[PDB]
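Read on for two forms of one protein chain; each stands alone as structure tokens, with the labels structure 1 and structure 2.
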Structure 1
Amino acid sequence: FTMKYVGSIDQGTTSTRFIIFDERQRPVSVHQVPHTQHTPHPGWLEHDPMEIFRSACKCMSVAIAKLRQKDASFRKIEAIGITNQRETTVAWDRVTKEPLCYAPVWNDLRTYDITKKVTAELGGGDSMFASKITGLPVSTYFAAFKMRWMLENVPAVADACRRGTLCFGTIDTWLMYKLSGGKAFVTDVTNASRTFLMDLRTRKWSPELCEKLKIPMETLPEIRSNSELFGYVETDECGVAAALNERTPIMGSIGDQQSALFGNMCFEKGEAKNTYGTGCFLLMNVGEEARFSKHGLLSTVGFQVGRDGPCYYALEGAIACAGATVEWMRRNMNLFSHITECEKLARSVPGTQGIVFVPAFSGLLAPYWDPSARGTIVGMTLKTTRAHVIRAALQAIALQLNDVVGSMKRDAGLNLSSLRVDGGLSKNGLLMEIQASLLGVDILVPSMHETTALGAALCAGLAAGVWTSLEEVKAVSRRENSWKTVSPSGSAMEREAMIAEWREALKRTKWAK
């Protein structure tokens, strides 16, 4: 009898992928399509919403074609999962069914002047005033402020509002709308968590905060869990419905960082993942109990399988320059050429020998939120060489996650029991080693490296009975997909001396304005 498949749309910052997982949790077909990174004015960033939706549909149809080739039996896909760059907001009209303008992106800074205007007028100048409600400080990153800016600065959006025809949505809702073809207007708990308009505990919109921020609650979508029938796939944009054979259901929608948490099986409290993409995203499952933080970190929804099934929360931290630093050292500074040289050179020296390199190129994030900090190096002598500098950069990434995990542990009320790690920089042994030493936990490195897209497809597959329970998933994961592990190896006095160097260097980072 035939293998059952689940589909997963990984809609990333700079590209979109479709991945068909089988019931062994193996990606069996994949395609990718980049979309354009528009930068009008320095600090801005935009996406064409129609470019993305089309990318997604191209990805679906091409990947489906290739699977039919290597398995001619494959009749249809059981369900489809959506995961997305979060907070990126699209504005679209409900009868034209098309974007009013280009979508500003999570790390765009057009909403700066509004971020200031808001905090004073509403919060009484309190950054974390909403944080008992949302889980978030007022920052440029969150949808509401993109939503407001669009109402304040885009004529077609301004008009669309009064006409009573303005839909707003994070990338999940935008996808899920068009795929159904007008028929579905829904977000999920993890994406909603990042709007700055959701009550964190209750998992419902905040009439207070919508009203307070001037956002017609008519514009917002119907919140749901991550794992349940969202809609059907009813379009033929790039042969997609034809290619699908049946009307495949969309039974999975989840924020991309949470989707890595879920795809790395971080189901129980105290478990965490860190993605090493361009920057970092560390998320730790804090369990059924929601949590808040003195360190300026974020409180967010981790996951929720089904309606009224348990909602687990999480605390979230980041670093801005992780991969960016490795790449900067190569392309900007010419410290090496071939990617793998980075690890070899750092290895080739006993240690940093008294240099620290705080690679805070766009300020320190995390539990020392310094927008004035810059990229800085200290303690160099004529014996200092590129190798030391590359090593220091790697230690500094590990030192940030240490200070972040340190912060998380206190205000979560738990220890970190193990760290799963994903993204290109997880394939660097020395960094995983140093990380595992400093934190003092096993670090698991999944050889099925596509964990974000699995999180999406797992939700989908739970809600269609490809997998019956989380333990069947956990079990199959352990049965089919291999979990290489890196253990601590730390002289605890060295951790002291390394963090003391670190503490000291951070004082010399302050620079801008």
Structure 2
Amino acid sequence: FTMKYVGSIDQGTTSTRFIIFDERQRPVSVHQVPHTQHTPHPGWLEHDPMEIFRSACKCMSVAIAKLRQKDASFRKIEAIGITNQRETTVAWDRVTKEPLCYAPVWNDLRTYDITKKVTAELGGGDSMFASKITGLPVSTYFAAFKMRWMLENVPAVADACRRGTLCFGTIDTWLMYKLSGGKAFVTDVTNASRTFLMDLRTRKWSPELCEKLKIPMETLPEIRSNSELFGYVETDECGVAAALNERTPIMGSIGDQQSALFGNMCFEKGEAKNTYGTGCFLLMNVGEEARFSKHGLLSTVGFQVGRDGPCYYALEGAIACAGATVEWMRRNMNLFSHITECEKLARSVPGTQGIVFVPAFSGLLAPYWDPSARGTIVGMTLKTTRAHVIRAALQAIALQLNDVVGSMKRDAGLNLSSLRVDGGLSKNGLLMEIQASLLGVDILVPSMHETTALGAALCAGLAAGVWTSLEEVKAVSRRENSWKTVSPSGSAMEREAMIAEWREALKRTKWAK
């Protein structure tokens, strides 16, 4: 009858976008608004939730305005999905509806005491003691730890639970809270898998863990799926509520990294998405039973397309300096200028010729988690130019990743089928060819730029009937939104000798205080 449109709120660390998709999953309108990165102490990071909510209302308000001008058939939105930076926690109150403090951000560290004050004590020295319930280790990321701090370092939050009005929520929950007026106080499985209070298997809260780490089982929202009806957009803030002419529902909510997988069409095990930037998140779809890991990797919910639908779980890995290495090799090293001499230089040489550049500048994340590791280059000769090191950096991004892949294989019990890539170096043709061969699978690269925001846009489409099933979601993406593939092109006397080289080069990374 009409042309359908699904909106998505991409809620990043630094910026929040609002993106409107028409039913061929085209991005037809975008508006981006950044927000202040308050850093009260070296190691601390927080944001203003009422700033974010505002930014979001700006993007929504503007993206809708812009589209309304260039598309004569756009006349409302079927549903809105939310995707968000994970692990960021907000404190607030049912009856004021304001927030009670600035939200400590995922990588924010004010909680490293409570990290230890939980391992040495409540863990008998084992951070993994709960790795079977939560699918997580103890660390400075998950919403439980950041709640502990607000309860023990802010009276305004300490007082508000004394009351029994205090509300916690990762950004999603918070965003749907204000967007609906205060009505829905709700969350999804992917975000919930990161709170440290949740139960990998059953995807219900952990009264056991809520207990121990002492967060009342009712300062918390409810755990819903990824794709259902969460609520309705009833908030007049900025233009937004007006700009939507009928009561527009929220029908999709999903942690961004999981949204990146889901938006990359990874609905089946083997498939994996990898987002680059300064650093990476490689998430592999692992199937219908939560898989656990020995390499201290993360277990988490990939997605759930409906209140009690087939719940696909996932493993997760990170490296910390990917595009940041490609940045350092410029901003700090003179080795090149434009992102185009870089890939001309690296191709100017056939191989690396015996050298290994381990960009372990913060140490090794990935599968080796070794803080004693440092940036280290071995086996240089006089024959070593700058144009080799730069290729050996492209190898390093691929090689490190391979370890994470390797790891996942061992802890999944299946082979990486293919890999999708986005938001890091999708222009860098060479990296994908050095990457594709090594892993031994097809590396797929999307032409369309907004997979992450499509992730949540597809959770809200489905649930509203913009696309019928996940099987029809593949075909639309198969026909409209192009990919070109990058296919393997190397052999063992390269593929397996490089993996040997890397590891021989790894014993030489150590370099602590």
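All residue numbers here refer to structure 1's sequence, counted from 1. The term rigid core refers to the maximal set of C-alpha atoms that superpose within 1.5 Å between the two forms.
Per-residue Cα shift between structures 1 and 2 after core alignment stays below 2 Å for all of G181, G413, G375, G296 except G375. Core-superposed comparison between structures 1 and 2: the C-alpha position of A387 differs by no less than 2 Å.
Relative to the superposed core, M217 undergoes a C-alpha shift smaller than 2 Å between structures 1 and 2. Relative to the superposed core, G164 undergoes a C-alpha shift smaller than 2 Å between structures 1 and 2. Here the two forms are laid over each other by their core, and the C-alpha of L438 is off by 1.1 Å between structures 1 and 2. For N153, the CA shift between structures 1 and 2 after superposing the rigid core equals 0.4 Å.
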